[PDB]
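Results of the structural survey
So the chains spell out like this:
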Amino acid sequence: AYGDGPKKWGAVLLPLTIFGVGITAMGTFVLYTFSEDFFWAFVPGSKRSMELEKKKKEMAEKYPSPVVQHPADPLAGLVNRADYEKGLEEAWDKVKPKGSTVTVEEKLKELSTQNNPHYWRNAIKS
Amino acid sequence: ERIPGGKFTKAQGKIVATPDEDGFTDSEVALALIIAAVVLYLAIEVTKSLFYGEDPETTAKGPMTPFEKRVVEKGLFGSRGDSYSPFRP
Amino acid sequence: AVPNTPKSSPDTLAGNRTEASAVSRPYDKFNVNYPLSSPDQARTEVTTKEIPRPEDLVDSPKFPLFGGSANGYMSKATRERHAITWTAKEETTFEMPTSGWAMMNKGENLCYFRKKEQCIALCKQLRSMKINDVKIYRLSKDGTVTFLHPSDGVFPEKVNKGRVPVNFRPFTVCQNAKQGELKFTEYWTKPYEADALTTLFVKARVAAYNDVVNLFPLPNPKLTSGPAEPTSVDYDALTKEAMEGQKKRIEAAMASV
Amino acid sequence: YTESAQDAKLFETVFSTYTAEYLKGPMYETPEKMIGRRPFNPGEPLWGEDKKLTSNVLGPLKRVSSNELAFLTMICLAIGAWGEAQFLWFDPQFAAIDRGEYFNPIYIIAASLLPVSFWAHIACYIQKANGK
Amino acid sequence: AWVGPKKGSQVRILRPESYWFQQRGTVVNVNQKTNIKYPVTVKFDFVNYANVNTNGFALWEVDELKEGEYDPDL
Amino acid sequence: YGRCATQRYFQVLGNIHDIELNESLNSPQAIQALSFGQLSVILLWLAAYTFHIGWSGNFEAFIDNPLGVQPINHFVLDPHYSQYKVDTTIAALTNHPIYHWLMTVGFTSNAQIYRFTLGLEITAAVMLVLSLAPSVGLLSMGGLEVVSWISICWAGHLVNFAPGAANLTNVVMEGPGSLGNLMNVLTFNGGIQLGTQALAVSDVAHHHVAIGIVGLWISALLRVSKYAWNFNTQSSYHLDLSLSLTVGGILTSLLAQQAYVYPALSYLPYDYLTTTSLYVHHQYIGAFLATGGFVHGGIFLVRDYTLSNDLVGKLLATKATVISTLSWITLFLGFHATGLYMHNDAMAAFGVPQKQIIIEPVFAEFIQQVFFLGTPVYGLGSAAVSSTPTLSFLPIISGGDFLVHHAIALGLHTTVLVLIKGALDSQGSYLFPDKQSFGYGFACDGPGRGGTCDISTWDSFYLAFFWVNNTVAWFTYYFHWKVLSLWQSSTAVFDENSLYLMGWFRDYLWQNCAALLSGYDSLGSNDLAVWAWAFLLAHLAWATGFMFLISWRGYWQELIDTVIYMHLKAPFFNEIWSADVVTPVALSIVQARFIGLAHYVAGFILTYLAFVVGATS
Amino acid sequence: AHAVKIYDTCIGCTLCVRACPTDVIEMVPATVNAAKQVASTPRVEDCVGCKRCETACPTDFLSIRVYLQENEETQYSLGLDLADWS
Ligand code: CLA
Ligand code: CLA
Ligand code: CLA
Ligand code: CLA
Ligand SMILES: CC1=C(/C=C/C(C)=C/C=C/C(C)=C/C=C/C=C(C)/C=C/C=C(C)/C=C/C2=C(C)CCCC2(C)C)C(C)(C)CCC1
Ligand SMILES: CC1=C(/C=C/C(C)=C/C=C/C(C)=C/C=C/C=C(C)/C=C/C=C(C)/C=C/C2=C(C)CCCC2(C)C)C(C)(C)CCC1
Ligand SMILES: CC1=C(C/C=C(\C)CCC[C@H](C)CCC[C@H](C)CCCC(C)C)C(=O)c2ccccc2C1=O
Ligand code: SF4
Ligand code: SF4
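Method of structure determination, per the deposited record: cryo-EM was used for this entry, reaching 2.90 Å resolution.

**What about the overall build of chain A?**
Looking only at helices and strands, chain A has 4 helices and 0 strands in total. A globule of 126 residues ought to have a C-alpha radius of gyration of about 14 Å, yet chain A, at 29 Å, is considerably larger. Each principal axis of the C-alpha atoms in chain A carries an extent, and together these give about 100 × 35 × 25 Å. In chain A, which comprises 126 residues, the share counted as buried stands at 37%. Carbon and sulfur atoms provide 60% of the accessible area of chain A, an area that totals close to 7300 Å². Counting 18 positive and 16 negative side-chain charges, chain A places the centres of these two groups 6 Å from one another.

**As for a positive patch on the surface**
A grouping of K158(C), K161(C), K33(E) and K36(G) is seen on the molecular surface, where their side chains present a positively charged patch. Along the chain, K33(E) turns up in the loop between β2 (24–30) and β3 (40–43).

**Here's the deal with the pattern of salt bridges**
Side chains that differ in charge, positive against negative, can pair when their charged atoms come close. Applying the stated rule across the entire model yields 51 salt bridges over all chains. Note that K24(D) is salt-bridged to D211(C), the shortest N-O span being 3.3 Å. Of this pair, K24(D) sits in the loop between α1 (5–23) and α2 (66–88) while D211(C) is found in the loop between α4 (196–209) and α5 (235–256), placing the two residues in two different chains. Bridged by salt links that share partners, the residues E80(C), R114(C), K116(C), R138(C), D46(G) and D84(G) form one connected network.

**Some details on the sheet that holds strand β4 (residues 64–67) of chain G**
Ordered by their spatial adjacency, 3 strands build an open sheet running β7(C)-β1(G)-β4(G), and the pairing between neighbours is mixed. The open sheet has two free edges, formed respectively by β7 (168–169) of chain C together with β4 of chain G, since each of these has just one partner strand.

**Looking at the arrangement of the chains**
There are 17 pairs of chains in contact here; the most contacts are made by chains B and F. The two units chain A and chain E remain apart, with a minimum C-alpha distance of 13 Å. The closest approach of any C-alpha atom in chain B to one in chain G is 19 Å; the two make no contact.

How each quantity is defined
- Residues numbered from 1 in each chain as written, not as in the entry; some residues may be left out.
- Chains lettered and ligands numbered in written order.
- Part of a larger assembly, values for the part shown.
- Heavy atoms only, no water.
- Residues with missing side-chain atoms left out of burial classes, pairs and counts.
- Helix = DSSP H or I, 4+ residues; strand = E, 2+ residues; numbered from the N terminus.
- Rg over C-alpha atoms; globule rule 2.2 N^0.38 Å.
- Buried < 20%, exposed > 50% of the residue type's maximum accessible area, 1.4 Å probe, protein only.
- Areas by Shrake-Rupley, 256 points an atom, 1.4 Å probe, with all protein chains shown as cover.
- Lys, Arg positive; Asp, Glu negative; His and termini not counted.
- Charge placed at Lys NZ, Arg CZ, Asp CG, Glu CD.
- Patch = residues over 30% accessible without salt bridge, like charges linked within 9 Å, V, L, I, M, F, W, Y side chains within 5 Å.
- Salt bridge = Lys/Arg side-chain N within 4 Å of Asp/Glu carboxyl O.
- Pairing = 2+ DSSP bridges.
- Contact = heavy atoms within 4.5 Å.

Pasting the structure below:
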C-alpha cells in the first residue's frame, strides 16, 4: 500500500536518525569539549596549533619556495637589510640635527624592542 | 482522508491523490541508502581532512604539477592574489 | 559537615584542574615577574608561615569581627584565595567586599577572599579611612603565597624607582598600524602588539605601494621546467634604472626634509 | 646631547620617508609587487608622473598609429550604425522572423562592431595624445 | 627663546584622532622643555565625550593662526 | 580537560568558519574545498527533496492533472499523532515548486526521479572527492566561462525535453532545416504561453543558450580587459565575497520578481501558495545576500584594506557626506510615508475616506504604460493597444502602491544607511578613533566617553538586520496582499484599504489569519494545525529574542553566579560538580546580541511562513 | 588576558591607577611628560576589562587603551568567583 514503505523504513531509521544520531552527536560533542584538541585551531597557543606552526616553519626553512611569500616579519622581505640600514644611516647623517649623538642602529634597536610580557607568544616562555 | 483548511483548498477543489503503490519499492530505497553510505564515508574523510587542516609537508614536499607551476608563474586562476573568486573573469 | 560542605577535600574535587588549564587555556600564564615589572626589583618573598591558607586558620586573632555570610568564597569548590593584611589604629566598622559588615581589630587584621577585585575594593575602602600598609597576598592551590598590590612596597598611585614601563607604546593610540597593513603577520589581528619599528615600516610600506610610477614590477619566478622565456624586456637594465630612480628619489626626499 | 622630542619625531619622519622611498625599488620583494598585482608590468609603464596614459595601456595594439585607429573606429562606427539601423528600423529583422524566415547574418555581424568602434576611438585618442 | 604657539593664540588642531580635529582652540601654555612630547596645552570651548576641553598637543599637531586669518564662525 | 567556560562555545562557534583565523586550512585551496563541501550538502538536500517526492508522492498523478492534484512532499510518520490525526493526515503536502520544476524539465515518472536522486548522491560524492584534495589545480575550476557553459548545457537539456522536441527534426544530422523545425525547441515568443500559464520550455532553452554564449563572450572581453590594465591591487577574500554576495542578492531578488511575473514552471500560477512562498523565500534570500555583501565589505575595510587614493579611499574621506545624505533620505522618506499613512488612518477613522492624501504613482504608471503594457490601462504616456500582445502577470498599480513603494524605499535606504555607516566608521569615529585596531566585532568600549554601546562594526550589521527583515516584511506584505486581492478578485479592497494602515491590519493580517487559527481548537484539528502550532512556536522564539536583546549580560551573569552557588551548595552534587569543568558564565555581549537577533529573525521567518501557508492554503 | 597599553599622550594623572579595581596600572618614572611619570600595566593578567581606567583618562583620546580579547578569557579576566581554574 501507499503507507507501507516509509512506515517500516521509518520505524527502523527515524528512531535511529533522531534518537541515536542526535544523542551520539551531543555526547561526542561533550567529549570533544573535554578533548585535548577542543577547538584547537581557534584556541591561541594550543598544542596542535603550535606544533603545526613549528612544522610549517620547518618545512619553509627546509623547502624554500621559488615564489615570494608574504613576510611574517615585514622587514624580512628586504633582500639586503644591511643596505637598507646603511642608506638610513647615510640619510640620517645628512639630516642629523647638528652633531647629534643618536645613531641609527640604536634607534632601530629601541623601536624594535618592546616590553609586552602579557602578549601570548611571550607568556608561553617564547 | 483530510479535513481541508484554507479558503483556496476548498475553493479550487484540489484533491491529494495518493498513489496506489509506493513508488520506490524497497530495493531501490536500499540502493539509495547504500550510495548515501558511500557519500557518508566520503564526508567522514572530508571532515577528518578539514578538522586537522592541511599538513605542512603537502604543498611543500609534493612538487607542484606543471600546470600548477605555470599557473603560479604566470599568475592565473586566482593565483597572483589572495582571493578565491570562483566567478573570476 | 557533609550536607553543609562536600565531604571530599578541595584537591579531590578539583581533580586535574592543573594539567587541564595548561591544555584548555594554554594562553593563560603569568609572566616571569608577575607582581612586579622588572626582574631586578627586590621581589619580596613570603610563605605560608606568614600568611597561611584559610583552611588552616580557625578563630585566628587577626580575623576581623565578621559573622560569616553566604557571599564568601567557595571552600572545597575553589582553591585560589586572596588575603589582605592591614594594621588598624582603632576598632571601627567597614563594609566587606562580599556585602555584610565586619569590625576591624585594634591591631593586625586579616581577611580572605576569592577574587583580587574584592581585595582591591577593600583596600580602597581602607585607604579612604586613612589606613596604610594594606598588603594583599594570593594563595595558590599548593600554598605558595604571592605578594601583590604594593608589590614594590610603594602603592601604584605614587611613582617609585626601579619600575620599568610595561606595555608602553611610543606613539599616539591612532598611530598604531592598521590591520590590513599588518596582514599575514603575527600582529594581523592584534596591531596594538606590534613594535614601533614594525608599525612605522608597514605605514611606510603602504605609501610605497601607492607609487606605482616608481614601484618595481618584481619579475615572475621561473617555475616551469622548460628553458627560460626569451621575452622582450631586459630585467638587468630595469633593475639598474630602478636603482638610479631609488637613489635620486631618496636624495630628493631627504632634501625636502 | 639631550635629544629633543621634536628630534625623535624628526627621526621617525626620516625613517618613514626613507622606507617609503626604498620599498618601491627592487629591494623589498613582496607578493604585492609581483607582476599583475600592484606594479605596472615590467617594460610597459601605463602612466608617468603626470597621470597621462601611455601607449602601453592598449595592449596588443600598442603601436597601431592614431590615423589607423581613427580609420578603424570610423569604419566600425559606420558599419555598426548601418547594421543597427537595418536590424531595428529599416527592413526590421524581428519582423522577418515573424515572416518565418531567418535573420540576415550581415546585419548582426555589422551591428556587433559598435562597441568595437567605441573602444577603438578611445584607443585612437590615447594614441593621438601620445604622438603615435 | 620661545618655541611653539604664543600663549592665548588660536591654533588649529592637526591631530587626526583628536575630538577637535581641524577645529580651533586657544593655547594655554607651551612647556619650554625639549623632552616634552606634547607641550602645547590647548583649551577648547567644546568639551569632548569625556567632558574635558583641555588637552596637550605636540608642536607639529597644532597650526598657529593669525588674529584674522581664520573663520570666527568655526 | 575542558577547563574553559561556556563562553568558549559561543566565542569559537561565532568564528568556527572564519577560516582566515584558522591558520591550519588558511590557504585558498581549503576555501575552495569548503565550497565543494557546501555544494555536496546542497546536492544532498536536493536529493532529499527528490527522494521523498518520488518515494511517497503523487508526481505520476501530478503530470496527469497538474491543476486538480496537490503535490505531496513526504510521508508523515509522527508517533505523537492520534489515530484520528493519523487518519486525518495523508502525507506532508508540498510548499515548493519542485513538482512544477520536475514537470517542466521533462520528468514523467518516478523512475526518472529515482535516477535523479541517485545522480544527486553521486554528484555529492564527487564534490566530497574534490574537497578531499584541495589544490591550485582545482582553483582553475570555475569562472564565468564555466557558469556560462553550465547554462549552455542546461539549454541542451531543456531542448532535449521540450514538449516540441518530438516534432524536432535532428538538426546535427539532417541540417538546420526550416525555421519552424528550430522553433520546435528554440523560441522567443515572450511572456506567458497560456495553458501551462508559464514561459515555454523552448523559451527557457533558447534563453539559456543565448545567456551561455553571451557569457562566454563577456568573460573573454573581461579577460582581454585584464590583458591591458592588469591591476589586482586589492585582493581579499572578503572583497570578492562581497562582490559575489551583492551580485547574488541582486540576482535572487530579480529571480523573485521575474519568476512571479514570468513564471517558467508549468502550471505554477494555478498554485497560489507555492507562488507566494517562492516570492517571499527568494526575496528573503536576496536581501540576506545583499546584507552579506555589505557585511563582507565592512570586514574587508576592517582587516584587509590599506588606505589609498582609490575608490574606497575616496568613499572613506567623504563618509560624513554619505552618511548625512542617507540620513536625510531616510528621514524624508520615513516622515512622509508615516505621515501620509497616519493622515489616511485619521481620514478613514473619521469617516472621511475621500480626504486622504492619495498620490497617484504616475511615474511607475507612466513606465508601465509606455514600456510594458500592451493595452491602455491608465492612458498616460501612451494609449496605443498592441495588435499581438504577449501575456504575463504584471500587477496593475493604484494609489496605495505609491505609499508602499515609498515604504520600501525607506526600508532599503535605512538598511543601506546603517550598513554603510557601520562599514565606513569601522575606520573610526570621533567617539572611537581607533576602531581599526579592535576587529570587526567587539562588545563595546565601556561606559566611558558617555557610553559606547553597539559601537562595533558588527553591531552595525546587528542593527541593520532588523531593518533588512522589516523591509522584506513590508514588501512581502505588499506582494502577498496584492496577489491575494488578485486571486480573490477583490482588487478594490486592496486599492482602497491599503491607503491607510488599519486596512493593512484588518483586511490583511486579521482577515487572513481566520483559517490559520482554526488549525486546531476544541472541535478538533485539521491540516492547518501544524501551521498554527508553528505560528505559536515562532512567536515564542521571537519573544525569546526579545529577552536576549532587551536584558543584557551583567544581570544574567549575577543570576548565573547565584545559580552556581545553589549547585555548589546543593547536596549529592557538590561531590560531583565543582563548576571547574565548562564553567557556566553568561553569554558575552556580542554573543547575546547575535543570539537575540537569531531568535528574532527565526521567529520572523517562521511566523511569516506559517501565515503565508495559512492564508494562501 | 585583555591587553592594556600605554601611549605617549599619558600625562601622569595617576587617575587610571586609582580607577583600577584589580591593581593593573602602575606609575613608572619617565621623561616624556611634565609630571615625569607615566602609567604602565605590568599586571595585565589581573585586568578584568572593566575599562574604568579609560573612563578616568583626561587626554583627548585614551592614553591607556584596553583591548578586549574574548578568545583568551581567564578566570581573572572573566571575574570568576565560584569557579577555580588554577
Ligand atoms: C537534507 C537531507 C535529508 C533530510 C533532512 C531528511 C529527512 C527525513 N528523512 Mg530522509 N533521506 C535523504 C535526505 C534527507 N532526509 C536522502 C538523500 C535519502 C536517500 C538515502 C533519504 C532516505 C530516507 C529513508 C529511507 C527514510 C528517510 C526518512 C526521513 C524522515 C525521518 C528522518 C530519518 O530517519 O532520516 C533517515 C535518512 C537517512 C538514513 C538517509 C541519510 C540522509 C542524507 C543522506 C544525509 C544528508 C545530510 C545533509 C547533507 C545535512 C548534513 C549536515 C547536518 C549535520 C546538519 C525525515 C523527514 C524516514 C522516514 O520517512 O520515516 C518517517 C525513512 O524511512 N529518509
Ligand atoms: C557564501 C556566503 C558567505 C560566506 C562564505 C561567509 C563567510 C563568513 N562570514 Mg558571513 N554572512 C553572509 C554570507 C557569507 N558569509 C551573509 C549573507 C550575511 C548576512 C546575513 C553574513 C553576515 C556575517 C556576519 C555578521 C559575520 C560573518 C562572518 C563570516 C566569517 C566567519 C563565519 C562564522 O564563523 O560564522 C559563524 C556562523 C554561525 C554562528 C552560524 C549561525 C547558526 C544559525 C544561526 C543557526 C540558526 C538556524 C536554526 C536551525 C533555525 C531554527 C528555527 C527554530 C524555530 C527551531 C566567514 C568568513 C563573521 C566575521 O567575519 O567576523 C570576523 C561575522 O561576524 N558573516
Ligand atoms: C516603529 C518603529 C520604528 C520607527 C518609527 C523607527 C524610526 C526610525 N529609525 Mg529605527 N529601528 C527600529 C524601529 C523603528 N525605527 C528597530 C526595532 C530597530 C532595531 C534596533 C531600529 C534600528 C534603526 C537603525 C540602526 C537606524 C534607525 C533609523 C531610523 C530613522 C530613519 C529615518 C526615518 O524614517 O525618519 C522618519 C521618522 C519617523 C517615522 C519617526 C516618527 C516621526 C513622526 C511621529 C511621524 C511623522 C508625523 C508627522 C509627519 C510630523 C508632524 C510635524 C508637525 C506637524 C509637528 C527613524 C527615526 C536610522 C536613523 O536614525 O537614520 C536617520 C538608523 O540608522 N533605526
Ligand atoms: C528622497 C526622496 C524620494 C525617494 C527616494 C523616492 C523614491 C521613489 N519614488 Mg518618489 N517622490 C518624492 C521623493 C522621493 N521618492 C517626492 C518629493 C515626490 C513628489 C510628491 C515624489 C513623487 C513620486 C511619484 C508620483 C512616484 C514616485 C515613485 C517612487 C518610486 C519609484 C522611483 C521614482 O519614481 O522616482 C521618483 C523620484 C524623484 C521624482 C526624485 C525625488 C528626489 C528629490 C531630491 C526629493 C525632493 C523633491 C522636491 C521636494 C521637489 C520640489 C518641487 C518644487 C521645486 C516644485 C521610488 C520608491 C513612483 C512610485 O510610487 O512607484 C510605484 C511614482 O510613480 N515618487
Ligand atoms: C533528519 C536528518 C538529519 C538531521 C538530524 C538531526 C538534526 C537530528 C537531531 C536530533 C535531535 C536534536 C534530537 C534531540 C532530542 C531531544 C530529546 C529526545 C529530548 C527529549 C526530552 C523529553 C522527552 C522530556 C521533555 C520534558 C521535560 C524535560 C520537561 C518538560 C516536559 C517534558 C516531558 C516535555 C540530517 C540532515 C543530519 C541527515 C539525516 C536526516
Ligand atoms: C561597504 C563598502 C563596500 C561594499 C559596498 C557594497 C556592498 C556595494 C554594493 C553595491 C550594489 C549592490 C550595487 C548595485 C547596483 C545596481 C544597479 C546599479 C542597478 C541598476 C538598474 C537600474 C538603474 C534600472 C532600473 C529600472 C528598471 C530595470 C525597471 C524600472 C525602470 C528603471 C529604468 C529605473 C566596499 C568594501 C566594497 C567599499 C567600502 C564600503
Ligand atoms: C537568559 C540569558 C542568559 C542565560 C542563558 C544561557 C546561559 C544560555 C542558555 C543555555 C541553554 C539553556 C542550553 C544549556 C546547555 C544545554 C544542555 C545544551 C548544551 C550544548 C553544549 C554541549 C554545546 C545570558 O547568559 C545572557 C547574556 C547576555 C545577555 C542576555 C542574556 C540572557 O537573556
Ligand atoms: S589617566 Fe591617562 S593620562 Fe593620566 S596617568 Fe593615567 S593613562 Fe596617563
Ligand atoms: S580595564 Fe579595569 S581591570 Fe583592566 S586595566 Fe583598566 S581599570 Fe584595570
